[PDB]
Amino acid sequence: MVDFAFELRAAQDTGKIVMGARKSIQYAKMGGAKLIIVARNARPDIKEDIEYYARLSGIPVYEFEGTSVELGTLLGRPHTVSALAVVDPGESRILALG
């Protein structure tokens, strides 16, 4: 089974990710992400924007079962992260969550 915490970090370290709603939506729009991760407490219109643009491109969205606080901490940031996009998984198995 896919270890979220471990595979997210593995993607961060060996692949390419962009963080935050703005970048996530932008990469969704341009069809440039392989997966978009959204925190459970992401602002309703941000969730709905991501889901829309991702659906247009056939990019899977995964809702993280935790707050933007926990997601930030997982990503090693001392701030909230409401969404992120996996551009290149690298050695990560994170895309299986799609």
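So that there is no doubt, residue numbering starts at 1 and follows the sequence shown.
Averaged over CA atoms, B-factors in the entry run higher in 25 to 33 than in the other of 53 to 61 and 25 to 33.
Relative to one another, 63 to 71 and 44 to 52 have unequal mean CA B-factors, and 44 to 52 is the one with the higher figure. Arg9: CA B factor in the lowest third of modelled residues in this chain (values from the PDB entry). When the modelled residues of the chain are ordered by their C-alpha B factor, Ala85 lands in the lowest third.
Among the modelled residues of the chain, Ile94 sits in the lowest third by CA temperature factor in this PDB entry.
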